[PDB]
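# Descriptive structure summary
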Amino acid sequence: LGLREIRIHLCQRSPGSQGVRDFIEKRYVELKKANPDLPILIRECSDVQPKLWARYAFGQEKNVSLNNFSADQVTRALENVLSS
Amino acid sequence: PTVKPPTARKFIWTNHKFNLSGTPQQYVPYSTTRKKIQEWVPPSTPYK
Amino acid sequence: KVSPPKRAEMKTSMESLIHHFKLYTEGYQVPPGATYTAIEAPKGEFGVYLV
Amino acid sequence: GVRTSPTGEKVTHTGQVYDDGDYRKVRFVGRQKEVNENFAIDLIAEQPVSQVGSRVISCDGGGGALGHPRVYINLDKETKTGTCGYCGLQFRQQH
Amino acid sequence: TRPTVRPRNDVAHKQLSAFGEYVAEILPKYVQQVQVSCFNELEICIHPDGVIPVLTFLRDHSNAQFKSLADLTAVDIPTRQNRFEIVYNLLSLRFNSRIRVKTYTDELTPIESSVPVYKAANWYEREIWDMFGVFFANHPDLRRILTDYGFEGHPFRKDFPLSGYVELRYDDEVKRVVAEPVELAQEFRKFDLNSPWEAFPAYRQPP
Amino acid sequence: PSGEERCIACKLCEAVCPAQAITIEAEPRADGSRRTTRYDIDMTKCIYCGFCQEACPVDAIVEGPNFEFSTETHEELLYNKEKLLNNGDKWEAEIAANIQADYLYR
Amino acid sequence: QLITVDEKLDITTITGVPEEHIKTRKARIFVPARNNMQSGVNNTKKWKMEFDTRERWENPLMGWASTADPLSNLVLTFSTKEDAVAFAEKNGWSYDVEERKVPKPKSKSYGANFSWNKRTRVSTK
Amino acid sequence: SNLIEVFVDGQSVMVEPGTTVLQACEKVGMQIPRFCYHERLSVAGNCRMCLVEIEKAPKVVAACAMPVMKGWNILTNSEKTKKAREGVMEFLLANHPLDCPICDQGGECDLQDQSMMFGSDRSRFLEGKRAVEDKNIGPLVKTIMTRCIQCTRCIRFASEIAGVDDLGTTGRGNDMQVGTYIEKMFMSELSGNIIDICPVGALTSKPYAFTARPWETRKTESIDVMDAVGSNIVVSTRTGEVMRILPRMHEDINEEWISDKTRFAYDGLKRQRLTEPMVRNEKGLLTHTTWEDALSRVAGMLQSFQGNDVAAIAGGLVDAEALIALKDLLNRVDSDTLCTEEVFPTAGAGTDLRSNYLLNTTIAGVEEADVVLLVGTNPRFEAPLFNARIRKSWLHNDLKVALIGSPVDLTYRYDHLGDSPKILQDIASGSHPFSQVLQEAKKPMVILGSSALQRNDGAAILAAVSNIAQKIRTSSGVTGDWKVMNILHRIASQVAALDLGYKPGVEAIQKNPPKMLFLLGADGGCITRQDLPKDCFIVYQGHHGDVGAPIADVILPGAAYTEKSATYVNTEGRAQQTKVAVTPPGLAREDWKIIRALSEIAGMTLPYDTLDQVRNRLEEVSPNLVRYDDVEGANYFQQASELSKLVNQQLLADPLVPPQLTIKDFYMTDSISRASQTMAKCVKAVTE
Amino acid sequence: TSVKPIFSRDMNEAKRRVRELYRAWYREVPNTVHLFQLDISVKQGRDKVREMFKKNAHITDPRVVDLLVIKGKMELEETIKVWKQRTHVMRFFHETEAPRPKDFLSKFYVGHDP
Ligand code: SF4
Ligand code: SF4
Ligand code: SF4
Ligand code: SF4
Ligand code: FES
Ligand SMILES: [K+]
Ligand SMILES: [Zn+2]
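Residues numbered from 1 in each chain as written, not as in the entry; some residues may be left out. Chains lettered and ligands numbered in written order. Part of a larger assembly, values for the part shown. Heavy atoms only, no water.

For this deposited structure, the header cites cryo-EM as the method used and 2.3 Å as the resolution.

### What to know about the overall build of chain H
Definition in use: Secondary structure elements are taken from DSSP: a helix is a run of H or I of four residues or more, a strand is a run of E of two residues or more, and numbering for both begins at the N terminus. Atoms considered for the radius of gyration are the C-alpha atoms alone. The globule rule reads 2.2 Å times the number of residues to the power 0.38. Only protein chains enter the accessibility calculation, which uses a 1.4 Å probe; a residue is then buried when its area is under 20% of its type maximum, exposed when over 50%, and partly exposed in between. The method behind every accessible area is Shrake-Rupley, applied with a 1.4 Å probe, and residues are considered shielded solely by the protein chains displayed.
Counting its secondary structure elements, chain H contains 20 helices and 27 strands. In terms of overall size, chain H behaves like a compact globule, its C-alpha atoms giving a radius of gyration of 28 Å where 688 residues would be expected to give roughly 26 Å. Projected onto its principal axes, the C-alpha positions of chain H cover 85 × 60 × 50 Å. In chain H, which comprises 688 residues, the share counted as buried stands at 68%. Looking at chain H as shown, the accessible area adds up to about 22100 Å², and 49% of this sits on carbon and sulfur atoms.

### A closer look at the site of ligand 2
Note the cut-off: Near is defined per residue: the residue qualifies when any heavy atom it owns lies within 4 Å of the molecule or strand. Amino acids outside the nonpolar list (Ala, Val, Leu, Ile, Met, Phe, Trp, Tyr, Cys, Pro) and the charged list (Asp, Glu, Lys, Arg) are all regarded as polar, and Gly is one of them.
As a structural note, the neighbourhood of ligand 2 is formed by 14 residues, with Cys7, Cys10, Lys11, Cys13 and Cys56 of chain F the closest of them. Counted by class, the shell around ligand 2 contains 13 nonpolar, no polar and one charged residues.

### What to know about the coordination of the zinc ion (ligand 7)
Residues and elements named next belong to chain D. Heads up, the condition is: Only N, O and S atoms count as donors, using a 2.8 Å cut-off from the metal and 3.2 Å for Na, K and Ca, and because water is excluded some sites may appear unfinished. Only two sets of limits are used to name each site, 85 to 135 degrees for every angle of a tetrahedral four-donor site, and over 155 degrees for opposite donors with all other angles from 65 to 115 for a square planar four-donor or octahedral six-donor site, with any other site named irregular.
Taken together, the protein donors to the zinc ion (ligand 7) comprise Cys59 (SG), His68 (NE2), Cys84 (SG) and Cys87 (SG), at separations of 2.0 to 2.4 Å. One can describe the site at the zinc ion (ligand 7) as tetrahedral: its four donor atoms subtend angles covering 102 to 122° at the metal. Donor residues for the zinc ion (ligand 7), ordered by position in the chain, follow C-x8-H-x15-C-x2-C. Taken together, the residues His68 in the loop between β2 (56–59) and β3 (71–74) and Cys84 in the loop between β4 (82–83) and β5 (90–93) connect sequence positions 16 residues apart. Both residues of the pair, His68 and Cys84, belong to the buried class.

### Notes on the coordination of the potassium ion (ligand 6)
Residue and element names in this part refer to chain H. Ligation of the potassium ion (ligand 6) by protein atoms is provided by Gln105 (OE1), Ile195 (O), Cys198 (O) and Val200 (O), these donors lying 2.6 to 2.8 Å from the ion. Taken in chain order, the donor set of the potassium ion (ligand 6) reads Q-x89-I-x2-C-x1-V. Take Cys198: its relative accessible area is 9%, and that puts it in the buried class.

### Some points on the arrangement of the chains
Inclusion rule: Pairs of residues are marked as contacts when any of their non-hydrogen atoms sit within 4.5 Å.
Contact between chain A and chain B is absent, and the least distance between their C-alpha atoms amounts to 30 Å. Between chain C and chain G there is no contact, and the shortest C-alpha to C-alpha separation is 13 Å.

### Focus on the site of ligand 1
Close to ligand 1 lie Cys17, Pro18, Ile22, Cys46, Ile47, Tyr48, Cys49, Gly50, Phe51, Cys52 and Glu63 of chain F, which account for all nearby residues. Its residues assigned to classes, the shell around ligand 1 shows nine nonpolar, one polar and one charged.

### As for the interface of chain H and chain B
Often, the extent of an interface is quoted as the loss of accessible area upon association of its parts. Operational definition: A 1.4 Å probe defines the accessible area here, and the buried area is the portion of it lost by two parts on being joined, summed over both. Whenever a carboxyl oxygen of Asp or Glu lies within 4 Å of a side-chain nitrogen of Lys or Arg, that contact is scored as a salt bridge. N or O atoms within 3.5 Å of each other form a polar contact, as long as, within protein, one can give a hydrogen and the other can take it, and as long as residues adjacent in sequence are counted only when both atoms are side-chain atoms.
Between chain H and chain B, the contact holds 23 residues from the first and 12 residues from the second. In total, chain H and chain B occlude about 1400 Å² of area from one another, counting both sides; carbon and sulfur atoms represent 63% of this. Contact with chain B buries surface across chain H, with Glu241, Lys270 and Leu285 of chain H losing the most and accounting together for 25% of the total. Between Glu241 of chain H and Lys36 of chain B there is a salt bridge, with the nearest N and O atoms lying 3.4 Å from each other. Counting across the chain H and chain B interface gives six residue pairs in polar contact. By residue class, the composition of the side of chain H that touches chain B is 10 nonpolar, five polar and eight charged.

### Topic: the interface of chain G and chain H
Each side of the interface is counted separately: chain G has 37 residues, and chain H has 53 residues. Approximately 3800 Å² of surface area, both sides summed, lies buried where chain G meets chain H, with 44% of it carried by carbon and sulfur atoms. Interface area lost by chain G to chain H is led by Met37, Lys108 and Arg119 of chain G, which between them contribute 23%. Put simply, chain G and chain H have seven salt bridges between them. Between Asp612 of chain H and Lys26 of chain G there is a salt bridge, with the nearest N and O atoms lying 3.6 Å from each other. Viewed at the interface, chain H and chain G are joined by 25 residue pairs in polar contact. At three residues, the largest contribution of residues to the side of chain G that touches chain H is made by strand β2 (residues 26–30) of chain G. When the residues that make up the side of chain G that touches chain H are grouped by side-chain class, the tally is 11 nonpolar, 12 polar and 14 charged.

### A few points about helix α10 (residues 384–396) of chain H
Residues and elements named next belong to chain H. Basically, it comes down to this: The span expected for a helix works out to 1.5 Å for each residue beyond the first.
Taking 1.5 Å per residue, 13 residues should reach 18 Å; α10 reaches 18 Å between its end C-alpha atoms and fits that length. Among the 13 residues that make up α10, 11 are buried, leaving the element largely enclosed by the rest of the structure. The set of residues buried in α10 consists of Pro384, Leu385, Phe386, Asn387, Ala388, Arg389, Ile390, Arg391, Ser393, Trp394 and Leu395. Contacts made by the buried residues of α10 are with α4 (153–160), β17 (371–375), α9 (379–382), β18 (400–404), β20 (444–449) and β21 (485–488). Directly beyond the C-terminal end of α10, a positive phi value near 60° is found at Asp398.

Now the structure itself:
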């Protein structure tokens, strides 16, 4: 029932994605080190609401809104998925 | 045509034919073009 | 550019063959406009409103 | 010429013939398949090549304005004959 | 007088222009545009509210006397928000003259029936309703006239397909003629004919 | 006169046909010639207007003088290239003389 | 006297079209690309609306191309993209709009053909 | 600022200096007649059809070549201008052959159309015409040179675009002849484009010869899938059949050109086609069956396997709708072995960051680069239209091009640095002199071909090339927004596969061989039955019977790219969609619908039943996949370079040798081109 | 948003016209079956009338409702005066057309139409 894939969507320029842009710029490299075998797909697209997608076994997915999230809120949100 | 015979050609019918509708000689339409798409033929050998 | 050339001209002259080809495929273009035109037909006034 | 398939159905000058197992040949049962026997590809090949004394010859198909549009054919290549693109008559320049 | 060119009649162009602004002066409440073509046909473009006032004036006024309604039709131009242009062609026997009056409407806006002005307009409006779906208010008897009973759609609209949506045949099981979705043994072959080179510079639109 | 077909698959007759009664396909012949592989006239679509023979640049498609060819079935009036060529071979003696009489008005 | 109607314009019920050819269709709104075989640009002026292509099959009798799609030949012309989009919405068609592609302005210089030191020097005329 | 005012028929227009009279008329929407002028070729000024009167000037000027001057009034419709067009048109038609009925140009001919609009309606030429012999220049372009009007467009295109100086003019005067003088074939990867630019029927398509007339064709605007460039095309069909492929202008991709494979391989769509579902009978031979029977056999096996037992390989021509549908189906049996044949090193960031596997400078950006470093690639054959863009910059901007790899012919001169992969480390460390060029460059562009990542040391080569690009960016002198690192892809389906999360390469399948394998149009031969358990159940979905179909247990016929509306992402990351030009043949079906139908029978119904809904699914996985025609930027090269240094790999001592070395290798690179009889003629011509 | 009305000034007025039309159709069905000598029952005829009114239940534009009622009145007049023939009346029942199943799989097996 475990985690299978994480996808992060964000805009390159909208202020709503600033925390996510910070998280990738600062904490993504260390996140990938901890989970070298975990696909963490970062996909930028203009004028999208930032979202965190997690895919668990047998194709179950849940998304979490990161709109106007701080880099700290992003870290907590990812920590829940990697843990819970 | 006795006085002014028509110009002879080797491809002109030597034997005139009347209306053949309703008979076994009647014209039947069909498409004059060859098949357009060629289908893959599977191999005749077992290998799988 | 409106009426097709004679067949003998169509078979000798380059311009005539081009115009014959274009008149019988695309046809002549007509400047934009609209007209109601009528004649005294045998049954009365026969007209077309042509756009 | 007009060949027959192994089924006996005449092959047309366009190469058409129903293959075995094609139900559509039922339309000929009790009737016939209209096939023109005069194959133009065979007939034109029978024409002799015309020898001319000039590098360029014109063809209108014959009959003046009853033929095809008049075209001019270059005869500079000796590796082949010039062929009229309308009627298929062949021309050659002699020596 | 070049033999292959249509001659110009400048006297008619002047006469029709003068009468064109004569109508604009008298009915300014409705007239929106007046024009005369290069073959001397005068067109009056009006607001649809003025169909009865303008047509009544042209029929009855002593300097107009357009007693005969030669034709009443519609044109569908989908790119306009008012896609339907309604065209009245009128004839004046007293002055041996013709005039075209044009107005507009859309799918949901009614036009006043002009039967009170011209009794000829009765069937012309039924045809416009039938072929274009334009509703005419206060028509004595508005119903289809050309299409089949129960026919659905308005065929002369540009977006109605050429071969429609249904076709008929006799069905032996139900012992009657039935309607079914249209299938064509040979689809109509659409030809793209327009040359990619401009033909008439005089009509070029600004970029 | 050689027996070669006049039609070179230009499709002018097909383009002008007011009824869309003509259907044509073409390809290079085995000798390279530009010739049709399909040439159908739906005689139940045709309006016998003669535009096709006006449009033809080589006098390939004509309307002949025969008017006595009514049939017992609809399918018998869907002419393909074989039927139309047989018509030409059948009627060429009359057709050539009719064209001789009128081609100076064309 | 005028009434206030604040709903969107939707004439789908009074146009007489069958349902399968409203909701299942996909309209394409575009400016036709120039035919590359010719330089003229006069067929790239107006917007066009066309529908998705559906099956054509061979007629068993003659081999003709049969269709059961009543919209197969339907093409509409519009002055602007906005006019085409408004027409599609009121008729209930889902649509795809594509931006007009305009040729980029180019710098043409006949004299560059004979450059003293650049690669634009041509070797033939 | 420097705009000068001119007048066109009395209407003022403001133009930059250097604008021609022809270009000034365009600004008010007037198209001057032309034959020799092409806006993408050098100015010639020889046809004289563009002559136009300048007000108060006694002499008409060549509009295509004359720069405008301040205050000029161009009389595009004056009697002086009109009488000039009639005179020139009359000279153009004097010797022109009466060929329109037998000429393929008829109906889409500029000579016909401009004679109608600008010429006179009759002839006064009472002499005999010129006749010219024809010339063989290969199996793709037929030459009927008596129709040539000596406009020299073909000559200029061959020299300037294709980089081939084989065409020219011989003789002089009225006897001037366009050709090659000697017997020679014009077999460039861009050769077919001279059919388009030739204004007359002098140059025409041999495969297309005599088959159609322009007015009767229907035009489907679509996308080419023969490569990863994503060239825009028009598919010409008639009566349910594809007739030809034409280019479609896209300034930022292919301009108005296509490659020969794009142009002429469509005839491979009429051969070796899968048209009926097939299963194995009791003798082990493939036999036709119904969709019901065929999907039940697959559904039964899908229900009996889980996890690593089930894998799938996507081939080169697969669309994104099928890719996500197949991923969702396998994920519902808890399988994640979704692989592509085309490898990409998964080390470090792998496919986490889009910038790691994209042409980040974009195709048009090559025009603004001052140095290009090509590594382990043959862009001429891998991406012909991208290589044409490089030659455009080489010609017009004096671009400097260097290449690490085999010394292939790129149709323009370049600095060949060698072929050893170790040269990259030298450039990075400053030992190599070319390192000075990169530091001095204000807009460098390092392009690493996907062909070079198919080696076993691909991750090492990507790390080395990425290291070079990092040093350039770090050392400053490059504007902040300028991207340096690029990957040139050659597979149409690759970028959409990596966007959706597929694993690049079949390395995953090799480690854990599955019991059930889906070959989604996979015809590279990467996985055979030697690599699988003896009883492996293989399902092939595709449009051609090529390499994968004959070894399958079940064959599900799918639609080719001309037969579906499907999403393809090109090497820039730009998503585009094809349109249905004709429906699939026989019992073939749209590819994502086969997977959607299978999911229902297997009891794992996917939650999308229409094309729009499956495209909503694409938006949930990678939102850029539904931004059609938009190049979505990708960043975080710094993070990608950081993760790439963690695990060091050894480069191989094998020199970088691209798969395609000469033209003969270019024509048959996928299932459709391999089935094309025209592509087979081209291979024969260039090897005999 | 200020437009010329056809008949009804608002949906409340429009719904009144709809109800009056429904009564007229409901009353007429027994006459149609008897006069045209149809082999359907009055219940089938009235169910069909209900089916035709139901398909337009989602309209919220008074002008569109007014046009639907105008056409409904025209259709009723054609029936009452026997301008329609039996074939026209029975076209509402599509008796000769085979069912087209609406499930994804059923469409998938038969062709490419969505
Ligand atoms: S005569 Fe018949 S086939 Fe010829 S153009 Fe007229 S309608 Fe078409
Ligand atoms: S019959 Fe005449 S007009 Fe028709 S395709 Fe043949 S040559 Fe052209
Ligand atoms: S190039 Fe044009 S004008 Fe010349 S023969 Fe061909 S179609 Fe006619
Ligand atoms: S072959 Fe065509 S493109 Fe080349 S010079 Fe002649 S007309 Fe121009
Ligand atoms: S277009 Fe200017 S001379 Fe040819
Ligand atoms: K050409
Ligand atoms: Zn000849």
